[PDB]
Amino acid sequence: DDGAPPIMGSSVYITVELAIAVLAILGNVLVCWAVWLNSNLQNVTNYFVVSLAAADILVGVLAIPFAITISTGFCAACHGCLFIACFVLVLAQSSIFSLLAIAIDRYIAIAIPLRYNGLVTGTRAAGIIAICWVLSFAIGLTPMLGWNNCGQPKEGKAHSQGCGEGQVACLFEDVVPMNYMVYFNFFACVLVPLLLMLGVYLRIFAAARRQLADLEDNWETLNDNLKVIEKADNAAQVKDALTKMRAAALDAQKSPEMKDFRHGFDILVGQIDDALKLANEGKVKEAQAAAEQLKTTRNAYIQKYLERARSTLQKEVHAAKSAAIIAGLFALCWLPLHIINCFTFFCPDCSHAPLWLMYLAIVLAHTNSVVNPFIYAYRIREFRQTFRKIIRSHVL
């Protein structure tokens, strides 16, 4: 006994865990309360947010008390010890599924918006959420099915602590096999899905980049070909430019504001047709004058359509970044503990990470259950405004 009494360091760890638990419950209860109250927040994307918040509420209510209990090494039946050690794996896996669903949902919205509402529905989302929770319990509790160290209990540690028959000193790394934690949980169930999310978000931002560039190209094609018509010398040159503009207009043609965008393209294709007939009749001056009327349609309809399409794309990029930040923070908070397990497993010649670092890595992982409500409040106005209403009306 040359080191400080364990209860002193335990007290700091336990106090910090309890602080994290309270904060995890408060913030994520607020998220669930906001979606339940505000119909503007009731969409498929946010149903996975609620599932994610539910997992974080359970981290504070169950996983953290379990972790505190594990840190004492109390005597326990091995499979009972195994359950409280593995339950957080269930919650982490649920978080992964929810995060992956959110990325996929945002990809469907950007890649095929015209058939998003018919493909992604609330009833289908609720069923997916239920399946993912079942799979999370199956994956997280796999050690309960026999992939555990309960067959080889550390009897020396058990006897030294005065444990009874069939009991062990309940310690995470004594009951949960490290090949499970590294190969099965980390590589297969955590790292691979996180890498898939990375690929999905790369496809989301690439798709958004491509669609914003295409919009700016059509706007340039319309204006360039208008100049070609104005400076044309014969009717054939006017026809060639008008033939291009017509195909582009019909290509760009694929609520009150929407009622005026449909009326705008009807004027545009009609005005292109009028000029195209004049050009085919060899009336070059009549065609140019008719083409000049397109500027009026451009100023009153086409330019406004371009700006709303651009605004909508930029809002999707902003939302996709918010979702990517959530997934990235999950990786940042959990990777240290995973990396420590890799050193324990792959470097038997390395000294085990010290107890204080284990505490720090565990606290960091649990802090992930606190951060999501802040991301929503800082990056999503509808959440921010709803949070204020709830706070001003019920807390204050």
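Sequential numbering from 1, following the sequence displayed.
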Quiz item: What size is the break between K259 and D260 in terms of deposited sequence residues left without coordinates: none, 1 to 3, 4 to 9, or 10 or more?
Solution: none
Practice problem: Pick between 124 to 132 and 294 to 302: the one whose mean CA B-factor in the entry is higher. | Solution: 294 to 302
Quiz prompt | Higher-B stretch (mean Cα B-factor, as the entry records it), 110 to 118 or 73 to 81 | solution = 110 to 118
Quiz item: Taking the Cα B-factors listed in the entry, which of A92, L191, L99, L222 comes out highest?
Solution: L222
Quiz item: Which is it among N234, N185, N149, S322: the one with the largest CA B-factor in the entry?
Solution: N234
Quiz item: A138: which third of its chain by C-alpha temperature factor?
Solution: middle
Quiz prompt | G164 - Cα temperature factor, lowest/middle/highest third of chain | solution = highest
Quiz item: Hey, what third does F205 fall into on Cα B-factor, ranked over its chain?
Solution: middle
Quiz prompt | Chain third (lowest, middle, highest) by recorded CA B-factor, residue given as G282 | solution = highest
Quiz prompt | Relative C-alpha B-factor of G264, binned into the chain's lowest, middle or highest third | solution = highest
